[PDB]
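S.K.: Sharing a structure, written as structure tokens. Questions coming.
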Amino acid sequence: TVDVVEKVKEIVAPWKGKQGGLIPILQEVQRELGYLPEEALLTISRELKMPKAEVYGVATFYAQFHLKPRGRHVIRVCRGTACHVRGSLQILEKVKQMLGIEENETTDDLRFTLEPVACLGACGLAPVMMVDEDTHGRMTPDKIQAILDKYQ
Amino acid sequence: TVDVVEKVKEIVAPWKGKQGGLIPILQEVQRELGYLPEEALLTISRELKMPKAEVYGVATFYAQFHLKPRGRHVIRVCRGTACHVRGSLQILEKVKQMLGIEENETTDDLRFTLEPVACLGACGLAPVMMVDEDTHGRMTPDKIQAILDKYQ
Amino acid sequence: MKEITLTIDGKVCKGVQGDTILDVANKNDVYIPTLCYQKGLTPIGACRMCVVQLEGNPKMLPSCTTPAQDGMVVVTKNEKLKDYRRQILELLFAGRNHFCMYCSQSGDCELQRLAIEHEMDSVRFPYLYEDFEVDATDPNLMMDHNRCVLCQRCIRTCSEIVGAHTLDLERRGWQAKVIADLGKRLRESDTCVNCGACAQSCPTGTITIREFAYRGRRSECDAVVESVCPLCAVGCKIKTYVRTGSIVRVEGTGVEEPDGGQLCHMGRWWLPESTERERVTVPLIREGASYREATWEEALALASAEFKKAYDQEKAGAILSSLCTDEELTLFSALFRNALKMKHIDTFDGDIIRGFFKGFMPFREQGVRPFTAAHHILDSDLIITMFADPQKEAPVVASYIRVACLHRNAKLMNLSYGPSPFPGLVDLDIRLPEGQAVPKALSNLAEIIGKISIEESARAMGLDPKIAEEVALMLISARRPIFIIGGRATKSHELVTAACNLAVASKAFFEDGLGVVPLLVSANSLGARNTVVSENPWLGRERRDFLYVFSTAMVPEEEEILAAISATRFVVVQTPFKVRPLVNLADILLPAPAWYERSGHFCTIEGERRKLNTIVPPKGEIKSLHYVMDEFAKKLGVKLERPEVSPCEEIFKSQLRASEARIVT
Ligand code: SF4
Ligand code: SF4
Ligand code: SF4
Ligand code: SF4
Ligand code: FES
Ligand code: FES
Ligand code: FES
């Protein structure tokens, strides 16, 4: 509990008295802590003297911020136009029914997390199912097990 | 929740109508599930028609049963006579203050668990600090970090 | 040409150049369906219902946001616009769960008025029956989110008008919900000043005042009386709705004034709740622990016998209310200050008024107005709350402070011995210890103006020297600072002069005068001073065997004054209600006109006279208040001689601007 009060109070120091900078001030506490706890946003609102409602609105308005602890291995499937026309939706729904967890949430013990992203760039090797480390070019319906057990 | 009701109701089948066998009937649900949930003991008491109080008493009387989910990597330090005269207590207390968790409990997110055991056999290479896979012969005060970060 | 001429629905319209089409529309007569335009709040373009078409241009543009350009043909009503507006209303009804059968606002809802106007006999779009939370944790406001059109008129009225920026939007797209701080409940919120301006801005019955639900509807009102809140000095303008002899809803007019209709809790929640109090309407008598009904002759006899046996030996006083009009206070002066010449008459806040008007008086000698209007703390750069808690003294001043220090880049610095009134909004906190800290502050300000030292004044003030120099630096660096004098600054009247003199020091001059803006607890402050306020404090520190206390039982009364009243041995209260802190310390308990059955004028510290209007007429017959004063004058050896209301001539006049000197004490 005390580990989350000065790390956030120190990353705000180079922004005091400067207009703007809540989008970056959070992208840093996200990269450090993995997520944005309520204590984090509370101290950001205290230090910047910005309203807590505004901080929570910006923290929940953008996709790449996670207010709850994200997993230790993200399972970003590509729901881009190229993957979807190829049938990535099938891969997404099977990783859904396989981890048994809801669409955009973490496992019960913080091991995996499903995060449907935009194009990861491999719009040639479609569909791509990145498992937090590297691309995965083909990912037919049967090749999802041989990776989800490996990275855990 | 339904995953823990038939696995325990099937391991009890070869013991029905046979006197004894609650120590083994549990060592099997421990090896399978990693721990003994309250549902497990409840179904054992239902199937064997043994009192729930007796089942909980046997489950909490012996050390190698864990009623709560044990971690994914045990950190068994040896508090045997040979290790203790060598000074294993120092290693135990530093893994204590390093994981910050209590003496015989699991981490907050089920990664590690400290389980002071009896002689693991390497009473020559003392003290031994097994990290759920292999022995560790010397384990001076400084060599505890280079393994606890590796296995996580 | 500023005056542009357009054509809305054939009707020719006239407007200023920068005005939007909705402004030139609402200016002449014509009606355009709107749901998210609150007169005041900057046009937010969310509902897309005000869409109008320009001739020739085949597309449609919002009338709230698109400006009027020098001559053009706007069509507001036709088939395609009606179709699109009906589709928008139906989308709102299908997305959120709208059940009008049980809504507090079924008759006021602006989504319901529009739906009935566009003949919405259906929903057309599939009903998404999703579960939006009903936040009724707050005992005063309830937020039933399944009626929320998402117009942000509640975020905007709590961001730009109240300042305590409690409400904002939560997520994006469809999941967008209006939330309090960190997505918590309104009760759990630390930053809600419980104002209700969110309930006056919500068109769609999401936010409702709970206590007056189903009664405070504007469609079922018997009358609508405009007046002034009498609880504090800000004197907010109100539009009280009357339904069968009780006020059911108090919405604040003045959406064009700097305040913006954000009446406080005491005005949107104590004014309608006071029209439903016990209302004695018969002269009582103590009898021991429980009152008995007496006649007016009997009660005034038992209250005048105790006023003659206690006036020969001096032993007599009067604690009138400063929420009373100048007519009533002039009547009380006719009996008490002139007929029987009591020098023990006070006004239930006489310490505050006499401290303020004995600290400001030096500058009246020097010939300046040592106070300005509170709406000038909105454009200031550094706000200094000296001994003030504006949330409990004049909450619109606190809202101005918040809007300034959040949406207009100001800084807050407190010089109080208290809880730092804005805990998390001040940049430098000072906690001046008790004792005698006024002439050392005088020395400090004499420095701050003459040098442009603090070492001796710091230890003299009982303060650390580093922070005492930081105070001077941030005080000189400001380009238009303002000071907020508190009521607690008036226990020693020289502290108020120290405050005003610090304002002269920090180059804080405004067109009205000095930037100190005193937080008067009462509205009729100058009226009370000229008629009742005693030049010496007597309450508590003097016995006062008899005490006629007039208490329009509205504002929470200082508890020291109540104790002093409880040790009096005969207390004649003329309170209108039977509220708790007055029926305990009372022996007679006569009735009164109760603030809404009388009219008055309320001359204030800032000069000009206001007007309180008779909202609902009296029900019973107290038959006068002059009758009580006459029956006191009778069998006491004194007369009455009703005088005229003393013309309030603003004793503090601004014959000097940006040219004052400090005052030695
Ligand atoms: S908010 Fe208005 S439209 Fe919605 S249910 Fe209530 S009265 Fe009807
Ligand atoms: S009560 Fe006042 S401060 Fe609170 S949310 Fe409503 S408008 Fe904002
Ligand atoms: S709560 Fe009311 S005022 Fe606020 S956005 Fe919703 S509908 Fe508009
Ligand atoms: S701030 Fe004062 S004048 Fe305004 S509504 Fe509240 S009590 Fe009335
Ligand atoms: S299409 Fe999925 S990677 Fe761009
Ligand atoms: S002494 Fe520790 S291994 Fe036997
Ligand atoms: S009414 Fe013009 S957009 Fe809301």
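Chain labels follow the order of the structure tokens: the first chain is A, the next B, and so on; residue numbering restarts at 1 in every chain, and ligands are counted from 1 in their shown order.
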For ligand 1, return the neighbouring residues as a list in words (distance at most 7 Å; only C-alpha atoms and all ligand atoms).

M.R.: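 If we count only C-alpha atoms and all ligand atoms, the neighbours of ligand 1 turn out to be residues 98, 99, 100, 103, 104, 105, 106, 107, 109, 110, 111, 112, 147, 204, 205 and 206 of chain C.
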
S.K.: Given the selection you just returned, output its residues as a file containing C-alpha atoms, formatted as a compact mmCIF listing (two decimals), in the first residue's frame.

M.R.:
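To be explicit, this is the file written out as result37.txt:
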```txt
# COMPACT_ATOMS: atom_id res chain seq x y z
CA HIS C 98 -37.26 5.25 -19.24
CA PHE C 99 -40.33 4.53 -17.08
CA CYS C 100 -42.40 7.71 -16.75
CA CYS C 103 -40.46 9.30 -12.44
CA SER C 104 -40.31 12.28 -10.12
CA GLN C 105 -40.07 14.51 -13.15
CA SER C 106 -43.02 13.35 -15.27
CA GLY C 107 -44.35 16.76 -16.30
CA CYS C 109 -38.85 16.08 -18.15
CA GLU C 110 -37.63 17.87 -21.28
CA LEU C 111 -37.23 14.49 -23.00
CA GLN C 112 -40.91 13.84 -22.22
CA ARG C 147 -33.01 8.12 -17.43
CA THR C 204 -34.29 14.20 -17.70
CA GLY C 205 -35.07 13.21 -14.10
CA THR C 206 -31.82 11.33 -13.52
```

S.K.: Least-squares fit on all C-alpha atoms, paired in order: put chain A onto chain B and return it as a PDB file with C-alpha atoms, in the first residue's frame.

M.R.:
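To be explicit, this is the file written out as result.pdb:
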```pdb
ATOM      1  CA  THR A   1     -17.182 -24.887  -8.838  1.00  0.00           C
ATOM      2  CA  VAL A   2     -18.522 -27.948 -10.675  1.00  0.00           C
ATOM      3  CA  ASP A   3     -14.951 -29.067 -11.494  1.00  0.00           C
ATOM      4  CA  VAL A   4     -14.394 -29.965  -7.812  1.00  0.00           C
ATOM      5  CA  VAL A   5     -17.446 -32.164  -7.248  1.00  0.00           C
ATOM      6  CA  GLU A   6     -16.955 -35.239  -9.463  1.00  0.00           C
ATOM      7  CA  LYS A   7     -13.133 -35.544  -9.391  1.00  0.00           C
ATOM      8  CA  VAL A   8     -13.417 -35.937  -5.639  1.00  0.00           C
ATOM      9  CA  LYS A   9     -16.499 -38.161  -6.010  1.00  0.00           C
ATOM     10  CA  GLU A  10     -14.567 -40.500  -8.329  1.00  0.00           C
ATOM     11  CA  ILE A  11     -11.341 -40.919  -6.308  1.00  0.00           C
ATOM     12  CA  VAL A  12     -13.483 -42.120  -3.392  1.00  0.00           C
ATOM     13  CA  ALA A  13     -15.087 -44.964  -5.429  1.00  0.00           C
ATOM     14  CA  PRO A  14     -12.305 -47.574  -4.803  1.00  0.00           C
ATOM     15  CA  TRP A  15     -12.594 -46.977  -1.037  1.00  0.00           C
ATOM     16  CA  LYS A  16     -16.357 -47.351  -0.511  1.00  0.00           C
ATOM     17  CA  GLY A  17     -17.169 -50.077   1.989  1.00  0.00           C
ATOM     18  CA  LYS A  18     -13.516 -50.467   3.075  1.00  0.00           C
ATOM     19  CA  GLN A  19     -12.450 -49.655   6.623  1.00  0.00           C
ATOM     20  CA  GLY A  20      -9.889 -46.814   6.827  1.00  0.00           C
ATOM     21  CA  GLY A  21      -8.382 -44.802   4.001  1.00  0.00           C
ATOM     22  CA  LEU A  22      -8.914 -41.060   4.604  1.00  0.00           C
ATOM     23  CA  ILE A  23      -5.157 -40.333   4.770  1.00  0.00           C
ATOM     24  CA  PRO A  24      -4.693 -41.767   1.205  1.00  0.00           C
ATOM     25  CA  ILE A  25      -8.141 -40.514  -0.055  1.00  0.00           C
ATOM     26  CA  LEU A  26      -6.807 -36.970   0.629  1.00  0.00           C
ATOM     27  CA  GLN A  27      -3.198 -37.439  -0.553  1.00  0.00           C
ATOM     28  CA  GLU A  28      -4.810 -38.054  -3.974  1.00  0.00           C
ATOM     29  CA  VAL A  29      -7.038 -34.967  -4.037  1.00  0.00           C
ATOM     30  CA  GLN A  30      -3.959 -33.036  -2.881  1.00  0.00           C
ATOM     31  CA  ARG A  31      -1.800 -34.335  -5.744  1.00  0.00           C
ATOM     32  CA  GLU A  32      -4.566 -33.639  -8.240  1.00  0.00           C
ATOM     33  CA  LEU A  33      -6.007 -30.299  -7.126  1.00  0.00           C
ATOM     34  CA  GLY A  34      -2.948 -28.868  -5.388  1.00  0.00           C
ATOM     35  CA  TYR A  35      -5.050 -28.239  -2.266  1.00  0.00           C
ATOM     36  CA  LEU A  36      -8.095 -29.433  -0.301  1.00  0.00           C
ATOM     37  CA  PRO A  37     -11.001 -26.977  -0.762  1.00  0.00           C
ATOM     38  CA  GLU A  38     -13.974 -27.016   1.603  1.00  0.00           C
ATOM     39  CA  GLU A  39     -16.068 -28.514  -1.214  1.00  0.00           C
ATOM     40  CA  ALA A  40     -13.558 -31.381  -1.461  1.00  0.00           C
ATOM     41  CA  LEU A  41     -13.762 -32.253   2.243  1.00  0.00           C
ATOM     42  CA  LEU A  42     -17.547 -31.844   2.141  1.00  0.00           C
ATOM     43  CA  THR A  43     -17.888 -34.380  -0.680  1.00  0.00           C
ATOM     44  CA  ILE A  44     -15.414 -36.744   1.038  1.00  0.00           C
ATOM     45  CA  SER A  45     -17.555 -36.627   4.185  1.00  0.00           C
ATOM     46  CA  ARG A  46     -20.704 -37.182   2.111  1.00  0.00           C
ATOM     47  CA  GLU A  47     -19.312 -40.148   0.161  1.00  0.00           C
ATOM     48  CA  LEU A  48     -17.495 -41.959   2.958  1.00  0.00           C
ATOM     49  CA  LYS A  49     -20.318 -41.142   5.440  1.00  0.00           C
ATOM     50  CA  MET A  50     -17.545 -39.968   7.825  1.00  0.00           C
ATOM     51  CA  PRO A  51     -18.179 -36.841   9.948  1.00  0.00           C
ATOM     52  CA  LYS A  52     -17.160 -33.499   8.456  1.00  0.00           C
ATOM     53  CA  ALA A  53     -15.447 -32.587  11.726  1.00  0.00           C
ATOM     54  CA  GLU A  54     -13.293 -35.719  11.539  1.00  0.00           C
ATOM     55  CA  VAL A  55     -12.367 -35.015   7.911  1.00  0.00           C
ATOM     56  CA  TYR A  56     -11.375 -31.430   8.751  1.00  0.00           C
ATOM     57  CA  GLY A  57      -9.454 -32.635  11.793  1.00  0.00           C
ATOM     58  CA  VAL A  58      -7.418 -35.092   9.763  1.00  0.00           C
ATOM     59  CA  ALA A  59      -6.961 -32.527   6.968  1.00  0.00           C
ATOM     60  CA  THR A  60      -5.584 -29.933   9.400  1.00  0.00           C
ATOM     61  CA  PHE A  61      -3.753 -32.355  11.665  1.00  0.00           C
ATOM     62  CA  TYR A  62      -1.067 -33.379   9.173  1.00  0.00           C
ATOM     63  CA  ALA A  63       1.430 -30.904   7.751  1.00  0.00           C
ATOM     64  CA  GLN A  64       1.514 -31.893   4.065  1.00  0.00           C
ATOM     65  CA  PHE A  65      -2.187 -31.024   3.546  1.00  0.00           C
ATOM     66  CA  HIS A  66      -3.034 -27.481   2.535  1.00  0.00           C
ATOM     67  CA  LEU A  67      -6.630 -26.299   2.860  1.00  0.00           C
ATOM     68  CA  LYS A  68      -5.903 -23.113   0.916  1.00  0.00           C
ATOM     69  CA  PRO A  69      -4.472 -22.985  -2.645  1.00  0.00           C
ATOM     70  CA  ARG A  70      -0.750 -23.527  -2.451  1.00  0.00           C
ATOM     71  CA  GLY A  71       1.574 -21.540  -4.697  1.00  0.00           C
ATOM     72  CA  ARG A  72       2.853 -22.517  -8.115  1.00  0.00           C
ATOM     73  CA  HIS A  73       6.430 -22.872  -6.792  1.00  0.00           C
ATOM     74  CA  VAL A  74       7.192 -24.049  -3.255  1.00  0.00           C
ATOM     75  CA  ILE A  75      10.292 -22.657  -1.515  1.00  0.00           C
ATOM     76  CA  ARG A  76      10.982 -25.509   0.968  1.00  0.00           C
ATOM     77  CA  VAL A  77      13.861 -24.448   3.243  1.00  0.00           C
ATOM     78  CA  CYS A  78      15.366 -27.192   5.447  1.00  0.00           C
ATOM     79  CA  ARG A  79      14.941 -26.573   9.135  1.00  0.00           C
ATOM     80  CA  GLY A  80      16.628 -29.819  10.010  1.00  0.00           C
ATOM     81  CA  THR A  81      19.210 -30.301  12.727  1.00  0.00           C
ATOM     82  CA  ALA A  82      22.121 -30.328  10.250  1.00  0.00           C
ATOM     83  CA  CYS A  83      20.981 -27.218   8.410  1.00  0.00           C
ATOM     84  CA  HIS A  84      20.050 -25.379  11.608  1.00  0.00           C
ATOM     85  CA  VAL A  85      23.451 -25.971  13.229  1.00  0.00           C
ATOM     86  CA  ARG A  86      24.876 -24.631   9.944  1.00  0.00           C
ATOM     87  CA  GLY A  87      22.578 -21.596  10.168  1.00  0.00           C
ATOM     88  CA  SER A  88      19.609 -22.273   7.867  1.00  0.00           C
ATOM     89  CA  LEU A  89      17.453 -20.114  10.181  1.00  0.00           C
ATOM     90  CA  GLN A  90      19.146 -17.052   8.656  1.00  0.00           C
ATOM     91  CA  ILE A  91      18.192 -18.171   5.143  1.00  0.00           C
ATOM     92  CA  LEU A  92      14.636 -18.904   6.317  1.00  0.00           C
ATOM     93  CA  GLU A  93      14.165 -15.484   7.919  1.00  0.00           C
ATOM     94  CA  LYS A  94      15.599 -13.678   4.923  1.00  0.00           C
ATOM     95  CA  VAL A  95      13.278 -15.477   2.472  1.00  0.00           C
ATOM     96  CA  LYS A  96      10.584 -14.547   5.027  1.00  0.00           C
ATOM     97  CA  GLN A  97      11.370 -10.815   5.056  1.00  0.00           C
ATOM     98  CA  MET A  98      12.058 -10.911   1.286  1.00  0.00           C
ATOM     99  CA  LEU A  99       8.754 -12.384   0.150  1.00  0.00           C
ATOM    100  CA  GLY A 100       7.179 -10.384   3.009  1.00  0.00           C
ATOM    101  CA  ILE A 101       4.649 -13.160   3.619  1.00  0.00           C
ATOM    102  CA  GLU A 102       4.005 -15.026   6.890  1.00  0.00           C
ATOM    103  CA  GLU A 103       5.898 -18.203   7.902  1.00  0.00           C
ATOM    104  CA  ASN A 104       3.840 -20.950   6.241  1.00  0.00           C
ATOM    105  CA  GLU A 105       1.486 -19.178   3.792  1.00  0.00           C
ATOM    106  CA  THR A 106       1.287 -18.306   0.097  1.00  0.00           C
ATOM    107  CA  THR A 107       1.920 -15.049  -1.742  1.00  0.00           C
ATOM    108  CA  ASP A 108      -1.038 -12.742  -2.447  1.00  0.00           C
ATOM    109  CA  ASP A 109      -1.300 -13.843  -6.124  1.00  0.00           C
ATOM    110  CA  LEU A 110      -0.219 -17.533  -5.940  1.00  0.00           C
ATOM    111  CA  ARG A 111       3.365 -17.420  -7.253  1.00  0.00           C
ATOM    112  CA  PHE A 112       5.442 -18.720  -4.305  1.00  0.00           C
ATOM    113  CA  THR A 113       5.004 -20.415  -0.924  1.00  0.00           C
ATOM    114  CA  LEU A 114       7.389 -20.995   1.977  1.00  0.00           C
ATOM    115  CA  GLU A 115       7.210 -24.515   3.445  1.00  0.00           C
ATOM    116  CA  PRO A 116       9.864 -25.353   6.092  1.00  0.00           C
ATOM    117  CA  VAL A 117      10.489 -29.056   5.657  1.00  0.00           C
ATOM    118  CA  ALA A 118      12.472 -31.756   7.431  1.00  0.00           C
ATOM    119  CA  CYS A 119      15.678 -33.215   5.943  1.00  0.00           C
ATOM    120  CA  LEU A 120      15.434 -33.235   2.173  1.00  0.00           C
ATOM    121  CA  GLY A 121      18.404 -35.657   2.334  1.00  0.00           C
ATOM    122  CA  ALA A 122      21.331 -33.353   1.445  1.00  0.00           C
ATOM    123  CA  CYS A 123      22.468 -33.267   5.048  1.00  0.00           C
ATOM    124  CA  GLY A 124      25.984 -33.117   3.565  1.00  0.00           C
ATOM    125  CA  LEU A 125      25.425 -30.060   1.371  1.00  0.00           C
ATOM    126  CA  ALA A 126      23.963 -27.986   4.172  1.00  0.00           C
ATOM    127  CA  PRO A 127      21.913 -25.804   4.205  1.00  0.00           C
ATOM    128  CA  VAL A 128      19.595 -26.869   1.375  1.00  0.00           C
ATOM    129  CA  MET A 129      16.915 -24.513   0.016  1.00  0.00           C
ATOM    130  CA  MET A 130      14.825 -26.389  -2.539  1.00  0.00           C
ATOM    131  CA  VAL A 131      12.835 -24.114  -4.851  1.00  0.00           C
ATOM    132  CA  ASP A 132      10.339 -26.881  -5.932  1.00  0.00           C
ATOM    133  CA  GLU A 133      12.621 -28.376  -8.621  1.00  0.00           C
ATOM    134  CA  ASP A 134      16.135 -29.270  -7.476  1.00  0.00           C
ATOM    135  CA  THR A 135      18.491 -29.221  -4.520  1.00  0.00           C
ATOM    136  CA  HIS A 136      20.659 -26.198  -3.715  1.00  0.00           C
ATOM    137  CA  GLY A 137      23.753 -27.127  -1.783  1.00  0.00           C
ATOM    138  CA  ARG A 138      25.362 -24.028  -0.275  1.00  0.00           C
ATOM    139  CA  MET A 139      22.786 -21.170  -0.132  1.00  0.00           C
ATOM    140  CA  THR A 140      24.739 -18.468   1.642  1.00  0.00           C
ATOM    141  CA  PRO A 141      22.781 -15.216   2.483  1.00  0.00           C
ATOM    142  CA  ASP A 142      23.505 -13.604  -0.907  1.00  0.00           C
ATOM    143  CA  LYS A 143      22.588 -16.506  -3.235  1.00  0.00           C
ATOM    144  CA  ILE A 144      18.846 -16.312  -2.379  1.00  0.00           C
ATOM    145  CA  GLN A 145      18.021 -13.533  -4.866  1.00  0.00           C
ATOM    146  CA  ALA A 146      19.560 -15.189  -7.959  1.00  0.00           C
ATOM    147  CA  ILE A 147      17.081 -18.110  -7.667  1.00  0.00           C
ATOM    148  CA  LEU A 148      13.883 -16.459  -6.371  1.00  0.00           C
ATOM    149  CA  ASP A 149      13.789 -14.155  -9.394  1.00  0.00           C
ATOM    150  CA  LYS A 150      14.661 -16.983 -11.804  1.00  0.00           C
ATOM    151  CA  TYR A 151      11.858 -19.411 -10.945  1.00  0.00           C
ATOM    152  CA  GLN A 152       9.140 -16.730 -10.887  1.00  0.00           C
TER     153      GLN A 152
END
```

S.K.: Could you produce a table of the residues of chain C lying within 7 Å of ligand 3, with the nearest pair of atoms per residue and their separation in Å rounded to one decimal, using only C-alpha atoms and all ligand atoms, ordered by chain and increasing residue number, as JSON lines?

M.R.:
```
{"residue": "C:145", "atom": "CA", "partner": "ligand 3", "partner_atom_place_in_ligand_line": "1 (S)", "distance": 6.9}
{"residue": "C:147", "atom": "CA", "partner": "ligand 3", "partner_atom_place_in_ligand_line": "7 (S)", "distance": 6.8}
{"residue": "C:148", "atom": "CA", "partner": "ligand 3", "partner_atom_place_in_ligand_line": "7 (S)", "distance": 3.9}
{"residue": "C:149", "atom": "CA", "partner": "ligand 3", "partner_atom_place_in_ligand_line": "7 (S)", "distance": 4.4}
{"residue": "C:150", "atom": "CA", "partner": "ligand 3", "partner_atom_place_in_ligand_line": "5 (S)", "distance": 3.8}
{"residue": "C:151", "atom": "CA", "partner": "ligand 3", "partner_atom_place_in_ligand_line": "8 (Fe)", "distance": 3.8}
{"residue": "C:152", "atom": "CA", "partner": "ligand 3", "partner_atom_place_in_ligand_line": "5 (S)", "distance": 3.8}
{"residue": "C:153", "atom": "CA", "partner": "ligand 3", "partner_atom_place_in_ligand_line": "3 (S)", "distance": 4.3}
{"residue": "C:154", "atom": "CA", "partner": "ligand 3", "partner_atom_place_in_ligand_line": "4 (Fe)", "distance": 4.0}
{"residue": "C:155", "atom": "CA", "partner": "ligand 3", "partner_atom_place_in_ligand_line": "4 (Fe)", "distance": 6.3}
{"residue": "C:178", "atom": "CA", "partner": "ligand 3", "partner_atom_place_in_ligand_line": "1 (S)", "distance": 6.5}
{"residue": "C:198", "atom": "CA", "partner": "ligand 3", "partner_atom_place_in_ligand_line": "3 (S)", "distance": 6.6}
{"residue": "C:201", "atom": "CA", "partner": "ligand 3", "partner_atom_place_in_ligand_line": "3 (S)", "distance": 5.5}
{"residue": "C:202", "atom": "CA", "partner": "ligand 3", "partner_atom_place_in_ligand_line": "3 (S)", "distance": 3.4}
{"residue": "C:203", "atom": "CA", "partner": "ligand 3", "partner_atom_place_in_ligand_line": "2 (Fe)", "distance": 5.9}
{"residue": "C:204", "atom": "CA", "partner": "ligand 3", "partner_atom_place_in_ligand_line": "7 (S)", "distance": 5.1}
{"residue": "C:205", "atom": "CA", "partner": "ligand 3", "partner_atom_place_in_ligand_line": "2 (Fe)", "distance": 6.7}
{"residue": "C:206", "atom": "CA", "partner": "ligand 3", "partner_atom_place_in_ligand_line": "1 (S)", "distance": 5.1}
{"residue": "C:207", "atom": "CA", "partner": "ligand 3", "partner_atom_place_in_ligand_line": "1 (S)", "distance": 5.7}
```

S.K.: Within 9 Å of ligand 2 (counting only C-alpha atoms and all ligand atoms), which residues show up? I'd like them as a ChimeraX atom specification.

M.R.: /C:140-141,154-159,161-167,180,186,189,191-201,207,262-265,399

S.K.: Near residue 276 in chain C, counting only C-alpha atoms, which residues have an atom at most 10 Å away, once you skip same-chain residues fewer than 4 positions from it, shown as a list in words?

M.R.: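 Counting only the stated atoms, we get residues 245, 246, 247, 248, 271, 272 and 577 of chain C.
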
S.K.: Quick one: residues within 12 Å of range 290-293 of chain C, only C-alpha atoms, excluding same-chain residues fewer than 4 positions away - as a list in words?

M.R.: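 Residues meeting the cut-off are residues 280, 281, 282, 283, 284, 285, 286, 297, 298, 299, 578, 583, 584, 585, 586, 587, 588, 589 and 590 of chain C.
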
S.K.: Save out the residues we just selected, N, CA and C atoms, as a CSV table (one decimal), in the first residue's frame.

M.R.:
```
chain,number,residue,atom,x,y,z
C,280,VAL,N,-46.0,27.4,15.2
C,280,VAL,CA,-46.8,27.6,16.4
C,280,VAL,C,-48.2,28.2,16.3
C,281,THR,N,-48.3,29.4,15.7
C,281,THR,CA,-49.6,30.2,15.4
C,281,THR,C,-50.5,30.3,16.6
C,282,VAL,N,-50.0,30.2,17.9
C,282,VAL,CA,-50.7,30.5,19.1
C,282,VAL,C,-49.7,30.7,20.2
C,283,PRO,N,-49.9,31.7,21.0
C,283,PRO,CA,-48.9,32.1,22.1
C,283,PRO,C,-48.9,31.0,23.2
C,284,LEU,N,-47.7,30.4,23.4
C,284,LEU,CA,-47.5,29.3,24.3
C,284,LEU,C,-47.1,29.9,25.7
C,285,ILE,N,-46.7,29.0,26.6
C,285,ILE,CA,-46.1,29.4,27.9
C,285,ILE,C,-45.4,28.1,28.4
C,286,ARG,N,-44.3,28.2,29.1
C,286,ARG,CA,-43.5,27.0,29.5
C,286,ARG,C,-44.2,25.9,30.3
C,297,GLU,N,-53.5,37.9,25.3
C,297,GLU,CA,-53.5,38.7,26.5
C,297,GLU,C,-52.7,38.1,27.7
C,298,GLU,N,-53.0,36.8,27.9
C,298,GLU,CA,-52.3,36.1,29.0
C,298,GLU,C,-50.8,36.0,28.8
C,299,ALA,N,-50.4,35.7,27.6
C,299,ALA,CA,-49.0,35.5,27.3
C,299,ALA,C,-48.2,36.8,27.3
C,578,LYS,N,-41.3,25.6,15.7
C,578,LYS,CA,-41.0,24.9,16.9
C,578,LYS,C,-39.7,24.0,16.8
C,583,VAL,N,-37.1,25.9,21.2
C,583,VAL,CA,-38.2,25.5,22.2
C,583,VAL,C,-37.6,25.0,23.5
C,584,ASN,N,-36.3,24.8,23.6
C,584,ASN,CA,-35.6,24.4,24.8
C,584,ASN,C,-35.3,25.7,25.6
C,585,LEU,N,-34.8,26.7,25.0
C,585,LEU,CA,-34.4,27.9,25.7
C,585,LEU,C,-35.5,29.0,25.4
C,586,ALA,N,-36.7,28.8,26.0
C,586,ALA,CA,-37.8,29.7,25.8
C,586,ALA,C,-38.8,29.6,26.9
C,587,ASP,N,-39.5,30.6,27.3
C,587,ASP,CA,-40.5,30.5,28.3
C,587,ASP,C,-41.8,31.0,27.8
C,588,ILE,N,-41.9,31.7,26.6
C,588,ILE,CA,-43.2,32.2,26.1
C,588,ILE,C,-43.5,31.6,24.7
C,589,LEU,N,-42.6,31.8,23.8
C,589,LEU,CA,-42.6,31.2,22.4
C,589,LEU,C,-43.9,31.7,21.6
C,590,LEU,N,-43.8,33.0,21.3
C,590,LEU,CA,-44.8,33.7,20.5
C,590,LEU,C,-44.6,33.4,19.0
```

S.K.: Collect all residues with atoms no farther than 7 Å from ligand 7, counting only C-alpha atoms and all ligand atoms, and output them as a list in words.

M.R.: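 Written in the requested form, the residues are residues 33, 34, 35, 36, 37, 44, 45, 46, 47, 48, 49, 50, 51, 62, 63, 64 and 65 of chain C.
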
S.K.: Residues within 8 Å of residue 362 in chain C, please, as a list in words. Count only C-alpha atoms; anything in the same chain fewer than 4 positions from it doesn't count.

M.R.: residues 358, 366, 497 and 663 of chain C

S.K.: Enumerate, as number ranges by chain, the complete set of residues in chain A that a backbone-based DSSP assignment places in alpha helix (DSSP H).

M.R.: A: 6-11, 23-33, 38-48, 52-61, 81-86, 88-99, 145-148
